[PDB]
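Please read the structure below before turning to the comments.
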Ligand SMILES: O=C1NC=C(F)[C@H](O)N1
Ligand SMILES: O=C1NC=C(F)[C@H](O)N1
Ligand SMILES: [Fe+3]
Ligand SMILES: [Fe+3]
């Protein structure tokens, strides 16, 4: 088995590094003063970048691969998407869900993703998708640590037996309690639904991840209740507010007041660039707002924010290959995080910040941690992002679980020339 | 030499097709009723998509690869970009320009791009970059047909000897007359500069491509003068309005009135998604406008619109590998052209529509045309876009000028499995 990763570059560090492995864990990390020779049991990073695994903090594996079934989301809105999904949800079968979830999970393994948080719609008395996903979680465990969010897609108080079904999902083993306050019939139901969500999370000792204010409504401020309840309960690390796209439309004075609470609360934020740019701004004519939450300001304020893919060929998103560098690319452009350092540091949005969002306890290139790491054939985050590089090797427990032999491009000029798009 | 392209899918057509080649041209195109066997002199498209070459209708090869030299565009605005470029322009040398232009051109050849329109800043008494680019045009001719736009970056009337230098550039051989009305000191200089641009285009029988209303100013309406002058002169096919980002901010009533003229005029439009999403909206706080011109409405109205990359690692854009499918991906998201058919038809925005913008006379998979075509390892435009596929083969004059052996990804589950991200 592998004993060392050599010739590795690490974000924020100068030079090359060697990562020693023992019993499936990282035993030590030592700097190199030059290039080390390869040998059996040594995986050569070849002066590429070594980082802990990519993370998918927000995806819907129960809906993945169902776009157009039985109908397409014509308007490209969150609301029609939920209606189209309702039609598909009525046709779910156990094997259907497992097969589609596994198809996307394999793309994720290929893309160096070893941690995934999937929401699963539990506004369904049969809990068909949840039962299937709980089996998938066990089956995929050797390659991906899958967290399941009990997501009451049609509301907690606004759907028949919504609260009972949400609790049933937790009793069956869901890892995270979800909610969707802006979809509840009234603002009061929205606020009350959050009190119920927090009570369930404390009763069962589970994490929280709310689909929060995913709407271009400047009056949708459920995020302040999520943050205040987390602060009151002293549980910010365990709480996440997904989307918060309404924040894109808030006035600046309220946002400034709010940011103090967001920081004090310690809660996490997920932005979903590919889906947000598509679903938000649909009620504007021109000009049209971008609709992504205030990622740049969160980073400047030290508030933990990260990026998810959200949908992969489903009612809310017709594209995708479950590639986090592609998600990152979209987010950096739409959020205008286009300075060299902002782009280079972008990898944090799909690695460390996402691990914090998932409350991971064994993550990072550090002595004592499990030997879970990936190798990118690039010099730094900027280079990896610019060239949209594949994952050369994905290592888990000290063993290679995925590898990509890069494409080879040649142009035939006066003489053949290899093109790698580098400078 | 190659005699046939077999097993080809064609956009908008059912089944498979065979493209017969003779003397560097396409002699005939015949439908197949099944898969044809390979043989020597036959290039097998392997049921992939065959299309005429990708086109780059708007790039700046004189500024490519200079981002951060001598300083970075900190604000990420058009205006600071021009100031940073001015600093770099003072340091230009003949060989400097040729080397950087050739580096990006090689990436373009690798990416199946056989037609490129580069703007070159002629607000420079020495015309250093233009002289270098005229040599590059001749040198790259076997692989790319390069058009050069004499672009008066600092204005025609607002820069010393601007008009004389613009005309000098045409006398030296520039193919297209440029302008930048919104950067002129006054609205009157802007309008007058367009009369001068059209007079020069008619005097020298050249095309026109104006950097038009690239500003989030609802009062920047130079596009109506570009279209009206083209209509008056009966030369719409030879005229292009690049950017028109101000159109994103116009009221709908004026836009409706304007669209009648745009259609009647027959002029072309270029949108530059990667750069527009980055440079536009920089003066907004929140919400923030997207800033791309009205691409969706132009398509619905039958107005020719297409996409350019604009910058590749320069003062206005820190990223890029000169990849048109990546440009297309950004445009489809920001413009909300996310319906299945809209995405599938997206290839037109980087092939046929761009060829029309460049007034190309030998373009398309048709009998009698030069055998210039590329093969994408994908089933249709949607698939090519979703998976961001490379160009498997680029053929020019019936000869292969570029090829890419695709990457090979494997996941090691209970058994090794190849992953191609297809369904
Ligand atoms: O409520 C939602 N359901 C599914 C989505 F993809 C979107 O994140 N929002
Ligand atoms: O005026 C401009 N110069 C260069 C650019 F990249 C931008 O297209 N606009
Ligand atoms: Fe979601
Ligand atoms: Fe330009």
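For neighbour counting, all protein chains shown are included, and Cβ atoms are generated from backbone atoms with ideal geometry for every residue, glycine included. All of this is worked out from the model, or read from it or from the source named; no laboratory read-out is quoted.
Scanning region B:54-95 for residues that are more than 30 Å from residue B:360 (Cβ to Cβ), more than 13 Å from ligand 2 (Cβ to nearest atom) and assigned to a helix (DSSP H, G or I) turns up B:87, B:95. Counting the residues of region A:362-377 that are within 12 Å of another protein chain (Cβ to nearest Cβ) and under 18 Å from residue A:348 (Cβ atoms) gives 0. If you go through region B:144-160 one residue at a time, do you hit one that is more than 16 Å from ligand 4 (Cβ to nearest atom), in contact with a helix residue (DSSP H, G or I) (Cβ under 8 Å, 6 or more places away or on another chain) and closer than 21 Å to residue B:98 by Cα? Looking for residues that are more than 16 Å from ligand 4 (Cβ to nearest atom), in contact with a helix residue (DSSP H, G or I) (Cβ under 8 Å, 6 or more places away or on another chain) and closer than 21 Å to residue B:98 by Cα, one finds at least one in region B:144-160, hence yes. One residue alone among B:243, B:278 is in contact (Cβ under 8 Å) with a residue 12 or more places away in the chain and within 18 Å of residue B:197 (Cα to Cα), and that residue is B:243. The one condition from (1) more than 17 Å from residue B:57 (Cβ to Cβ); (2) surrounded by fewer than 23 Cβ atoms within 10 Å (Cβ to Cβ) that residue B:145 does not meet is (1). Put simply, of B:91, B:127 the only residue that is within 20 Å of residue B:211 (Cβ to Cβ), more than 10 Å from every other protein chain (Cβ to nearest Cβ), more than 15 Å from ligand 4 (Cβ to nearest atom) and surrounded by fewer than 22 Cβ atoms within 10 Å (Cβ to Cβ) is B:127.
Among the residues of region B:281-293, those identified as part of a loop (DSSP other than H, G, I, E, B) and either in contact (Cβ under 8 Å) with a residue 40 or more places away in the chain or within 16 Å of ligand 3 (Cβ to nearest atom) (or both) are B:281, B:282, B:283, B:284, B:290, B:291, B:292, B:293. For region B:391-422, residues that are in contact (Cβ under 8 Å) with a residue 60 or more places away in the chain, in a loop (DSSP other than H, G, I, E, B) and within 9 Å of chain A (Cβ to nearest Cβ) total 1.
Pairing residues of region B:174-201 that are outside the structural domain of residue B:83 (by CATH) with residues that are assigned to a helix (DSSP H, G or I), at Cβ distances under 7 Å and at least 6 apart in sequence or on separate chains, gives no pairs at all. The single condition among (1) surrounded by 23 or more Cβ atoms within 10 Å (Cβ to Cβ); (2) touching a helix residue (DSSP H, G or I) at 6+ places or on another chain (Cβ under 7 Å); (3) within 18 Å of residue B:114 (Cα to Cα) that residue B:359 does not meet is (1).
One line per residue, one yes/no per condition, for (1) surrounded by fewer than 24 Cβ atoms within 10 Å (Cβ to Cβ); (2) without any contact (Cβ under 8 Å) to a residue 24 or more places away in the chain; (3) within 16 Å of ligand 2 (Cβ to nearest atom); (4) within 22 Å of residue A:205 (Cα to Cα):
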| position | (1), (2), (3), (4) |
| --- | --- |
| A:229 | yes, no, no, yes |
| A:233 | yes, no, no, yes |
| A:259 | yes, no, no, no |
| A:266 | yes, no, no, yes |
| A:297 | yes, no, no, no |
| A:308 | no, no, no, no |
